[PDB]
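For reference, the structure is listed below as structure tokens.
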Amino acid sequence: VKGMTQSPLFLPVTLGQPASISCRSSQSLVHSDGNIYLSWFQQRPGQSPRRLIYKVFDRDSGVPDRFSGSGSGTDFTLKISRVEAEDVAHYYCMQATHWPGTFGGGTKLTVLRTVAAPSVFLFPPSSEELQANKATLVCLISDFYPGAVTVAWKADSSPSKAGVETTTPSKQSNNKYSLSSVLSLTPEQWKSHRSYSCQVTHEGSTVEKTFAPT
């Protein structure tokens with residue numbers, strides 16, 4: 001019934017610079033044999049976790065010495081002395097002292113870069129789709145940083161709730177993100193209204209892209 005808290009959950013890093021991730025346990029992890037069984041794992045997308053560290057300090061096979069573990073009591077740290085590109089991954093701590101173990105929530109490492117405002121585009125539903133008796137309106141937020149962004153939909157100035165889903169790519173090798181937000185309406189409802197607008201908030205200002213159908 002232990003809770004493991006990792007911090008931060010999202011870690012921007014700079015290549016060649018150090019990084020560190022903290023892990024806190026809600027209970028003492030000292031085992032009666034005198035050891036602390038606290039392990040660290042790396043997970044790349046599509047792959048299984050791979051153990052980096054066990055018993056707080058010890059490095060597992062194939063783990064470069066730029067990784068190190070420290071800590072005591074309930075507070076533990078994974079350190080990377082000089083981040084390399086292959087270190088961009090997820091990291092999990094896991095207490096092993098108390099059966100049956102507990103994982104932290106995971107930390108995602110990303111590459112830090114300068115703020116970049118999105119380019120915003122809006123796409124009306126196609127005539128081909130409108131024959132199908134549903135309408136999708138797509139708002140595209142292209143090549144922005146950081147990942148956090150807010151997209152609000154208005155139909156004839158009425159703010160929409162539910163009816164929209166967002167998707168984001170992984171960070172690219174200009175280190176930016178892109179995002180889509182798709183508003184789904186029935187065609188009866190689409191034909192009932194005139195102005196369709198996507199409003200985007202980011203570390204830019206607040207940009208609206210809109211069109212008039214009908």
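Just so we're on the same page: first chain in the structure tokens is A, next is B, and so on; residues restart at 1 for each chain, and ligands are numbered from 1 in the order they show up.
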Give me the residues within 9 Å of residue 3 of chain A as a short mmCIF file (atom, residue, chain, number, x, y, z; two decimals) with C-alpha atoms, in the first residue's frame, counting only C-alpha atoms and dropping any in the same chain fewer than 5 places off.
data_model
loop_
_atom_site.label_atom_id
_atom_site.label_comp_id
_atom_site.auth_asym_id
_atom_site.auth_seq_id
_atom_site.Cartn_x
_atom_site.Cartn_y
_atom_site.Cartn_z
CA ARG A 24 9.98 9.50 -2.98
CA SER A 25 8.42 6.60 -1.07
CA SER A 26 5.48 6.91 1.32
CA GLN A 27 7.16 4.33 3.61
CA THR A 102 5.56 -0.52 -6.46
CA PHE A 103 6.41 1.61 -9.51
CA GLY A 104 6.54 5.37 -9.70
#
Quick one: DSSP strand (DSSP E or B) residues in segment 9-178 of chain A, as a VMD selection string?
-> chain A and resid 10 to 13 19 to 25 30 36 38 to 43 50 to 54 58 to 59 67 to 72 75 to 80 90 to 95 102 to 103 107 to 111 116 119 to 123 135 to 145 150 to 155 158 to 159 164 to 167 177 to 178
With a distance cut-off of 8 Å and only C-alpha atoms, select the neighbouring residues of residue 73 of chain A, excluding the residue or stretch itself and same-chain residues fewer than 6 positions from it, and output the selection as a ChimeraX atom specification.
-> /A:28-30
So, counting only C-alpha atoms, which residue among A:80, A:37, A:44, A:115 is closest to residue 57 of chain A?
-> A:37
Can you pull out every residue within 9 Å of segment 193-203 of chain A, counting only C-alpha atoms, but drop anything in the same chain fewer than 2 positions away, and send it as a VMD selection string?
-> chain A and resid 115 to 118 120 to 122 124 137 to 139 141 144 to 157 181 189 to 191 205 to 214
I need the residues from that last selection saved to file as a short mmCIF file (atom, residue, chain, number, x, y, z; two decimals), in the first residue's frame (with N, CA, C and O atoms), if you can.
data_model
loop_
_atom_site.label_atom_id
_atom_site.label_comp_id
_atom_site.auth_asym_id
_atom_site.auth_seq_id
_atom_site.Cartn_x
_atom_site.Cartn_y
_atom_site.Cartn_z
N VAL A 115 11.22 28.62 -27.21
CA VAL A 115 9.79 28.69 -27.46
C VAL A 115 9.53 28.91 -28.95
O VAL A 115 10.19 29.73 -29.60
N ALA A 116 8.57 28.16 -29.49
CA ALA A 116 8.15 28.33 -30.88
C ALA A 116 6.63 28.34 -30.92
O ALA A 116 5.99 27.39 -30.45
N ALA A 117 6.06 29.41 -31.45
CA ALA A 117 4.61 29.49 -31.58
C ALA A 117 4.13 28.54 -32.67
O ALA A 117 4.85 28.26 -33.63
N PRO A 118 2.93 28.01 -32.53
CA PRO A 118 2.40 27.14 -33.59
C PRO A 118 1.95 27.93 -34.80
O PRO A 118 1.49 29.07 -34.70
N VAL A 120 -1.18 27.74 -37.21
CA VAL A 120 -2.52 27.19 -37.00
C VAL A 120 -3.27 27.14 -38.33
O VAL A 120 -3.26 28.12 -39.09
N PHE A 121 -3.94 26.02 -38.59
CA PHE A 121 -4.77 25.83 -39.79
C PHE A 121 -6.10 25.19 -39.42
O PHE A 121 -6.15 24.31 -38.56
N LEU A 122 -7.18 25.60 -40.08
CA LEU A 122 -8.49 24.98 -39.88
C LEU A 122 -8.95 24.36 -41.20
O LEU A 122 -8.75 24.95 -42.26
N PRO A 124 -12.38 22.62 -43.00
CA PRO A 124 -13.79 22.25 -43.00
C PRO A 124 -13.97 20.79 -43.38
O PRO A 124 -13.07 20.18 -43.97
N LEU A 137 -14.33 18.54 -38.33
CA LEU A 137 -13.59 19.78 -38.55
C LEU A 137 -12.26 19.65 -37.85
O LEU A 137 -12.21 19.25 -36.68
N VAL A 138 -11.17 19.95 -38.56
CA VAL A 138 -9.85 19.67 -38.01
C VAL A 138 -9.10 20.98 -37.81
O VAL A 138 -9.04 21.80 -38.72
N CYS A 139 -8.52 21.14 -36.63
CA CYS A 139 -7.64 22.26 -36.32
C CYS A 139 -6.24 21.69 -36.13
O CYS A 139 -6.04 20.77 -35.33
N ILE A 141 -2.20 22.47 -35.27
CA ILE A 141 -1.24 23.32 -34.60
C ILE A 141 0.12 22.73 -34.95
O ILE A 141 0.47 21.65 -34.48
N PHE A 144 5.39 23.48 -32.80
CA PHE A 144 5.43 24.41 -31.67
C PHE A 144 6.20 23.82 -30.50
O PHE A 144 6.44 22.62 -30.42
N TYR A 145 6.60 24.70 -29.57
CA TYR A 145 7.29 24.27 -28.36
C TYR A 145 7.09 25.35 -27.31
O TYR A 145 7.19 26.54 -27.64
N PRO A 146 6.80 24.99 -26.04
CA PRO A 146 6.72 23.63 -25.49
C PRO A 146 5.42 22.92 -25.84
O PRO A 146 4.56 23.47 -26.52
N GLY A 147 5.27 21.68 -25.35
CA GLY A 147 4.14 20.86 -25.74
C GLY A 147 2.79 21.36 -25.27
O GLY A 147 1.77 21.08 -25.89
N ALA A 148 2.76 22.09 -24.15
CA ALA A 148 1.48 22.50 -23.59
C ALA A 148 0.78 23.50 -24.51
O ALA A 148 1.39 24.47 -24.97
N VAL A 149 -0.51 23.26 -24.77
CA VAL A 149 -1.30 24.15 -25.62
C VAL A 149 -2.77 23.89 -25.34
O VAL A 149 -3.16 22.79 -24.93
N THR A 150 -3.59 24.93 -25.51
CA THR A 150 -5.03 24.87 -25.27
C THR A 150 -5.76 25.16 -26.58
O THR A 150 -5.43 26.14 -27.26
N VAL A 151 -6.72 24.32 -26.92
CA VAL A 151 -7.52 24.51 -28.13
C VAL A 151 -8.99 24.49 -27.73
O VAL A 151 -9.47 23.51 -27.16
N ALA A 152 -9.70 25.57 -28.04
CA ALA A 152 -11.12 25.66 -27.76
C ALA A 152 -11.89 25.80 -29.07
O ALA A 152 -11.45 26.50 -29.98
N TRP A 153 -13.03 25.13 -29.16
CA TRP A 153 -13.89 25.19 -30.33
C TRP A 153 -15.13 26.04 -30.06
O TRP A 153 -15.79 25.88 -29.03
N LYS A 154 -15.47 26.90 -31.02
CA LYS A 154 -16.73 27.64 -30.96
C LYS A 154 -17.49 27.43 -32.26
O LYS A 154 -16.91 27.48 -33.35
N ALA A 155 -18.80 27.20 -32.14
CA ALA A 155 -19.70 27.10 -33.28
C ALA A 155 -20.76 28.17 -33.09
O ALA A 155 -21.53 28.13 -32.12
N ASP A 156 -20.80 29.14 -34.00
CA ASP A 156 -21.64 30.33 -33.84
C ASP A 156 -21.47 30.92 -32.44
O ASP A 156 -22.43 31.22 -31.73
N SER A 157 -20.20 31.05 -32.03
CA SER A 157 -19.76 31.64 -30.76
C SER A 157 -20.11 30.81 -29.53
O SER A 157 -19.87 31.26 -28.41
N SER A 181 -6.71 18.84 -33.33
CA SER A 181 -7.94 18.77 -32.56
C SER A 181 -9.07 18.60 -33.56
O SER A 181 -9.19 19.39 -34.50
N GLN A 189 -26.47 19.08 -37.55
CA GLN A 189 -25.94 20.12 -36.69
C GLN A 189 -24.93 20.98 -37.44
O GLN A 189 -24.91 22.20 -37.25
N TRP A 190 -24.10 20.38 -38.31
CA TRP A 190 -23.17 21.20 -39.08
C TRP A 190 -23.90 22.21 -39.95
O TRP A 190 -23.50 23.38 -40.04
N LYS A 191 -24.98 21.78 -40.61
CA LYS A 191 -25.74 22.65 -41.50
C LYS A 191 -26.61 23.65 -40.75
O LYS A 191 -27.12 24.58 -41.38
N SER A 205 0.26 34.24 -28.47
CA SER A 205 -0.73 34.96 -27.67
C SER A 205 -2.07 34.24 -27.51
O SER A 205 -2.27 33.53 -26.51
N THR A 206 -2.93 34.32 -28.53
CA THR A 206 -4.18 33.56 -28.59
C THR A 206 -4.81 33.77 -29.96
O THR A 206 -5.40 34.83 -30.23
N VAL A 207 -4.71 32.76 -30.82
CA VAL A 207 -4.95 32.90 -32.25
C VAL A 207 -6.22 32.16 -32.62
O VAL A 207 -6.46 31.05 -32.14
N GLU A 208 -7.06 32.78 -33.44
CA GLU A 208 -8.30 32.16 -33.88
C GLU A 208 -8.25 31.93 -35.38
O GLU A 208 -7.96 32.86 -36.15
N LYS A 209 -8.54 30.70 -35.80
CA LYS A 209 -8.74 30.38 -37.20
C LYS A 209 -10.19 29.94 -37.38
O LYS A 209 -10.71 29.17 -36.57
N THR A 210 -10.84 30.43 -38.43
CA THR A 210 -12.27 30.27 -38.55
C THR A 210 -12.67 30.14 -40.01
O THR A 210 -11.92 30.51 -40.91
N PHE A 211 -13.87 29.59 -40.23
CA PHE A 211 -14.48 29.63 -41.56
C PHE A 211 -15.99 29.70 -41.41
O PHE A 211 -16.56 29.41 -40.36
N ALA A 212 -16.64 30.15 -42.49
CA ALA A 212 -18.10 30.18 -42.58
C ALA A 212 -18.55 29.13 -43.60
O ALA A 212 -18.13 29.21 -44.76
N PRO A 213 -19.23 28.06 -43.18
CA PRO A 213 -19.86 27.16 -44.15
C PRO A 213 -21.11 27.65 -44.86
O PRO A 213 -21.13 27.84 -46.08
N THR A 214 -22.15 27.86 -44.06
CA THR A 214 -23.55 27.66 -44.46
C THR A 214 -24.51 28.51 -43.63
O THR A 214 -25.29 27.99 -42.83
#
Quick one: everything within 6 Å of residue 180 of chain A, counting only C-alpha atoms, minus sequence neighbours fewer than 4 positions away in the same chain. Send it as a ChimeraX atom specification.
-> /A:139-140,166-167
Write out as a VMD selection string each polymer residue whose atoms come within 8 Å of residue 71 of chain A, counting only C-alpha atoms; drop sequence neighbours fewer than 5 positions from it.
-> chain A and resid 56 76 to 77
To one decimal place, how far is atom CA of residue 175 of chain A from atom CA of residue 94 of chain A in Å?
->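 About the pair atom CA of residue 175 of chain A and atom CA of residue 94 of chain A: they are 29.5 Å apart.
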Exercise: residue 163 of chain A partners within 7 Å, only C-alpha atoms, chain neighbours under 6 positions left out, as a ChimeraX atom specification | /A:183-185
Selection from above, N, CA, C and O atoms, as a short mmCIF file (atom, residue, chain, number, x, y, z; two decimals), in the first residue's frame, can you write it?
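The result, written out as part_20.cif:
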data_model
loop_
_atom_site.label_atom_id
_atom_site.label_comp_id
_atom_site.auth_asym_id
_atom_site.auth_seq_id
_atom_site.Cartn_x
_atom_site.Cartn_y
_atom_site.Cartn_z
N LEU A 183 -13.12 18.20 -34.19
CA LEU A 183 -14.50 18.40 -33.76
C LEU A 183 -15.41 17.54 -34.61
O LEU A 183 -15.39 17.64 -35.84
N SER A 184 -16.22 16.70 -33.97
CA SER A 184 -17.15 15.83 -34.67
C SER A 184 -18.58 16.29 -34.40
O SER A 184 -18.96 16.47 -33.24
N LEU A 185 -19.35 16.50 -35.46
CA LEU A 185 -20.75 16.90 -35.36
C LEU A 185 -21.56 16.08 -36.35
O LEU A 185 -21.03 15.58 -37.34
#
Taking the chain letters and numbering used in this document, name the residues of segment 20-151 of chain A that DSSP puts in alpha helix (DSSP H), as a PDB file with N, CA, C and O atoms, in the first residue's frame.
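out07.pdb written:
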ATOM      1  N   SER A 127     -16.839  17.490 -48.772  1.00  0.00           N
ATOM      2  CA  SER A 127     -18.137  17.119 -49.331  1.00  0.00           C
ATOM      3  C   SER A 127     -18.326  15.604 -49.312  1.00  0.00           C
ATOM      4  O   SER A 127     -19.433  15.108 -49.033  1.00  0.00           O
ATOM      5  N   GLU A 128     -17.239  14.859 -49.572  1.00  0.00           N
ATOM      6  CA  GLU A 128     -17.286  13.397 -49.518  1.00  0.00           C
ATOM      7  C   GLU A 128     -17.750  12.914 -48.149  1.00  0.00           C
ATOM      8  O   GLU A 128     -18.622  12.045 -48.047  1.00  0.00           O
ATOM      9  N   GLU A 129     -17.179  13.471 -47.071  1.00  0.00           N
ATOM     10  CA  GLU A 129     -17.641  13.067 -45.743  1.00  0.00           C
ATOM     11  C   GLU A 129     -19.071  13.510 -45.482  1.00  0.00           C
ATOM     12  O   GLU A 129     -19.838  12.793 -44.825  1.00  0.00           O
ATOM     13  N   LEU A 130     -19.447  14.701 -45.945  1.00  0.00           N
ATOM     14  CA  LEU A 130     -20.780  15.200 -45.615  1.00  0.00           C
ATOM     15  C   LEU A 130     -21.856  14.299 -46.196  1.00  0.00           C
ATOM     16  O   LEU A 130     -22.943  14.180 -45.614  1.00  0.00           O
TER      17      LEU A 130
END
